[PDB]
Amino acid sequence: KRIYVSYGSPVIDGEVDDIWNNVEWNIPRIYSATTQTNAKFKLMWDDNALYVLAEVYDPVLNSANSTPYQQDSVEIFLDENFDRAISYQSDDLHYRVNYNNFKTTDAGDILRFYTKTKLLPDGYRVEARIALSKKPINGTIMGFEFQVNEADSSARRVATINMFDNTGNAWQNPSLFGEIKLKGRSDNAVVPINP
Ligand SMILES: OC[C@H]1O[C@@H](O[C@H]2[C@H](O)[C@@H](O)[C@H](O)O[C@@H]2CO)[C@H](O)[C@@H](O)[C@@H]1O
Ligand SMILES: [Ca+2]
Ligand SMILES: [Ca+2]
Ligand SMILES: [Ca+2]
């Protein structure tokens, strides 16, 4: 299915901008296995970028495994041109950041990826910017996926949570991503914001 993304320009600092409160939480509900770990994320776009704000409830944080996706982490997938190819094109993106803000790319220039995290009681927050290369406009559709890796005290991934793909294959297959449609940018810009 499809998430409608509002226009707006958050500050990347791991803090919840006022403007995030005007936008709805998306709840990923596709669990590989049962787990106490849950998550929610909000999206926003501006002329230059896509923005993700993710909160994970996860009582045990682990990143001791040297395999990135075997650490408690979130992953963001983007099919920017909306090709929906069955294998990764050169505009496809697959990014990951752990609760300590350690970033990895599986596909795409990591110079486009800017993140902050914050430890919360019972979990963590990720706040992420992805620089877009196609100038987005109202009505732009992109393919998107969101994933949480849940690791336990044995230093190994024990579960995944996905928004859209239930088949383990988003890392290989962009056609599996869901859809985001960008809306809400004014046609006139601003004028004089009066004092
Ligand atoms: O199914 C094993 C497969 O995993 C690839 O790792 C994936 C991971 O399974 C997935 O959940 C996450 O989205 O992305 C990584 C992409 O690295 C692994 O790299 C393959 O060698 C392996 O066959
Ligand atoms: Ca912020
Ligand atoms: Ca693509
Ligand atoms: Ca965990």
Side-chain angles (χ1 to χ4, degrees), residues 1-28 38-57 73-84 90-105 107-148 163-164 174 177-195:
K1 185 175 88 169
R2 179 182 280 178
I3 299 163
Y4 292 91
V5 188
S6 299
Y7 181 93
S9 290
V11 171
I12 308 299
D13 55 5
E15 297 296 331
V16 177
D17 305 56
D18 168 49
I19 67 175
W20 281 115
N21 305 317
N22 236 53
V23 136
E24 267 197 345
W25 283 117
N26 308 99
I27 316 297
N38 57 88
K40 52 195 161 152
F41 69 93
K42 288 186 173 189
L43 293 182
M44 191 168 297
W45 70 281
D46 77 16
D47 290 338
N48 303 122
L50 184 69
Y51 294 94
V52 183
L53 172 75
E55 296 198 359
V56 177
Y57 175 85
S73 57
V74 308
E75 287 188 9
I76 294 148
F77 306 75
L78 195 71
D79 169 20
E80 197 176 353
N81 300 331
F82 198 45
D83 298 318
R84 285 155 297 175
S90 69
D91 71 302
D92 295 315
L93 313 174
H94 187 201
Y95 290 132
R96 185 183 295 98
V97 56
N98 78 6
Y99 62 86
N100 292 320
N101 205 41
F102 174 65
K103 273 157 290 283
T104 48
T105 179
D109 180 9
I110 204 172
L111 273 64
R112 304 176 58 179
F113 194 43
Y114 179 34
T115 60
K116 294 291 177 197
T117 62
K118 184 179 192 187
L119 303 195
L120 304 182
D122 305 322
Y124 67 99
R125 180 180 297 133
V126 172
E127 196 172 24
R129 183 183 189 262
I130 295 162
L132 294 175
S133 48
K134 146 168 180 165
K135 297 243 67 165
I137 61 155
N138 296 302
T140 306
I141 306 192
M142 285 172 299
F144 168 89
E145 176 61 323
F146 181 76
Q147 189 172 293
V148 176
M163 181 61 221
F164 285 126
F177 300 175
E179 270 172 34
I180 60 176
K181 191 168 180 209
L182 307 197
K183 75 165 203 149
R185 187 192 192 262
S186 152
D187 270 310
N188 2 286
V190 296
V191 247
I193 313 257
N194 300 268

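FYI, the numbering just counts along the sequence from 1.
- In this structure, the side chains of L78 and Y95 stay at 4.5 Å or more apart for every pair of heavy atoms.
- When all heavy atoms of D46 and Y51 are compared, the pair lying nearest together is OD2-OH, 2.6 Å.
- Both the sub-6.0 Å distance and the 45° axial angle are not jointly satisfied by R112 relative to the ring of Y114.
- Of all heavy-atom pairs spanning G184 and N138, the tightest one is N-OD1, 2.8 Å.
- Nearest heavy atom pair, residue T115 against residue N101, reads OG1-OD1, 2.7 Å.
- Considering only heavy atoms from C-beta on, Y124 stays 4.5 Å or farther from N100 through its side chain.
- Side-chain atoms of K40 and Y57, non-hydrogen and from C-beta on, never get closer than 4.5 Å to each other.
- Between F144 and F41, the ring planes lie tilted relative to each other; the angle falls in the 30° to 60° range.
- Expressed to the nearest 0.5 Å, how far OG1 of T105 lies from CD of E75 amounts to 10.5 Å.
- Within a 6.0 Å sphere centred on NZ of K116, other residues, nucleotides and ligands contribute 12 heavy atoms or fewer.
- Around atom CG of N48, more than 12 heavy atoms belonging to other residues, nucleotides or ligands sit under 6.0 Å away.
- Between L132 and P136, the closest heavy-atom pair is CD1-CG, 3.7 Å.
- When every heavy atom of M44 is checked against every heavy atom of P10, the shortest pair comes out as SD-CG, 3.9 Å.
- In this structure, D18 places its CG atom where only 12 or fewer heavy-atom neighbours from other residues, nucleotides or ligands lie under 6.0 Å away.
- Across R185, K135, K134, a single residue satisfies salt bridge (charged side-chain N to carboxylate O under 4.0 Å, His left out) together with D47, and that is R185.
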